[PDB]
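Trainee: If you scroll down you'll find the structure; I have some questions about it.
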Amino acid sequence: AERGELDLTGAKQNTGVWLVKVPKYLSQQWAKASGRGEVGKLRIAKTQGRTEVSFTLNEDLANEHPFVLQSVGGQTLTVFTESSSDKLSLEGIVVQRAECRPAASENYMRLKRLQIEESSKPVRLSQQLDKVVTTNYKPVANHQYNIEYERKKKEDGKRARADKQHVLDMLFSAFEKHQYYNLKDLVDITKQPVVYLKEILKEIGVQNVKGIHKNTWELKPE
Amino acid sequence: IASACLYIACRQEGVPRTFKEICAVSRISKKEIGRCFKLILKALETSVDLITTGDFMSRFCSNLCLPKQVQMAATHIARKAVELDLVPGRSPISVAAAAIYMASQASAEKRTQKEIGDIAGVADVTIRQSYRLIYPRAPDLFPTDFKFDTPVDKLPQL
């Protein structure tokens, strides 16, 4: 008993199914009329030494499709499914293969042309422009990003100088998190001017070369 | 410095580009370019000729796709407006844009204050104010040898 266990009833009962190849337009109409359950009729005719398969589309849906059978002995095909309840199963083995083709040929090439034209619509091509574009680099007093950045800088204001005791408390609070820190990161952590911070740090901490990607300060006072 | 140097070169070449146009192509703001501009003049001990209304008519009218006769009329209107002192203290760009608006509205190719303002780099209010000052004297500003698609007496009043 496992999620991957497959219900092999399809194989055990030897359920046989037919794999049929049909055009996209045909199956698209069947999917559209799926709610009707009257997409068409499938006719099979067998003779003394010949058999044929064909499908007739419903008049309302259309507003004969002979089928050509293909060998299934050259490769063993099987049908399996996965249930939404996380239960896999094997429906059966493919016992016959067929492919749908239209009965007519000359007028059918018209439909293919229409499908090609519809399929050509998304193929974007360079458009010729009669007049030069005069809206590029339109005169502007100051760029959008600059006034926004300036507003943030001026609204937040510069970093103030906290009292020496609070700066030391923050530094030791950072030391509990990590032994050493890069000055750029320490400035952001302590939120103090780089000059003011360095003056307080140099009195206790020191800077030493380490294998880390950037020069780091050592916070141990001794 | 490079942005301000580019403005000075255009002025020296007789093809002035407004600070808004130089700012539109540079990351530097108009204000900073303006500050560097005066500093360079002192540093170089040089000076540049005063801008005039006719220095922008060719570029603005062409960017607006205005006909040749409309550009000529706008040039005459702007030049005569300065000579008549109808626009005291007004920036030449504002006067040029207002003259272009007047000539355009008088022609078949009519352009809105926003369209002219966007290309000339002037606020519609500034254009409207400059236009309101010159509108009463419009028949004197237009050339005598000009073809009116819309008569001067029917020009927009505001």
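Going by Swiss-Prot, the residues shown for chain B are 159-316, listed in order.
Even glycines carry a Cβ here, placed using N, Cα and C.
So Swiss-Prot lists the following for this protein:
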MOD_RES   B:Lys238  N6-acetyllysine
REGION    B:189-193  region 'Core promoter DNA-binding'
REGION    B:244-316  region 'Necessary for TATA box-bound TBP complex formation'
REGION    B:249-252  region 'Core promoter DNA-binding'
REGION    B:283-286  region 'Core promoter DNA-binding'
REPEAT    B:218-294  repeat '2'
Trainee: Let me know how many other Cβ atoms fall within 10 Å of the Cβ of B:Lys238 (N6-acetyllysine).
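Mentor: Result for B:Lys238 (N6-acetyllysine): 18 other Cβ atoms within 10 Å.
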Trainee: Three states by DSSP: which one describes B:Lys238 (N6-acetyllysine)?
Mentor: helix
Trainee: State the non-local partners of the region 'Core promoter DNA-binding' (B:283-286) in its own chain: residues 6+ outside its ends, Cβ under 8 Å from one of its Cβ atoms.
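Mentor: Sequence-distant neighbours of the region 'Core promoter DNA-binding' (B:283-286): 249, 252, 255-256, 259, 271, 274-275, 316.
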Trainee: Hey, which bits of the same chain come close to the region 'Core promoter DNA-binding' (B:249-252), Cβ under 8 Å, at least six residues off its ends?
Mentor: 176, 209-211, 213-214, 236, 240, 278-280, 284-285, 287-288
